[PDB]
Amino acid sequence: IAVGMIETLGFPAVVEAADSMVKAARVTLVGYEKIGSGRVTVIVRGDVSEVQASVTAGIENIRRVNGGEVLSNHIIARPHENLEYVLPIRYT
């Protein structure tokens, strides 16, 4: 099950990211990760083509946030099961 993630500077931009992602395709938002320096990431899971659709919509719609900025983004089609136990990418 693919994982998609968008990392933004600022929390309003991240919420737009999460909303746009779950709206644009059949993905589940499973998490929100703060790592400091104002950097925050939202994580979704779903079929690779859906997750690809989600992430693309996310990066575009953040342009509608005043003071919005995307710092990074990425999709992994088939994450190894080891990640599910160590990183916060898992269904809760």
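The numbering used is simple: start at 1 and walk along the sequence shown.
- Averaged over their C-alpha atoms, the temperature factors of 17 to 25 and 80 to 88 are higher for 80 to 88.
- When all modelled residues of the chain are sorted by CA temperature factor, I43 is found within the lowest third.
- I1 sits in the highest third of its chain by CA B factor, as recorded in the PDB entry.
- In the PDB entry, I35 places in the lowest third of its chain by CA B-factor.
- The entry lists a Cα temperature factor for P12 that places it in the lowest third of the chain's modelled residues.
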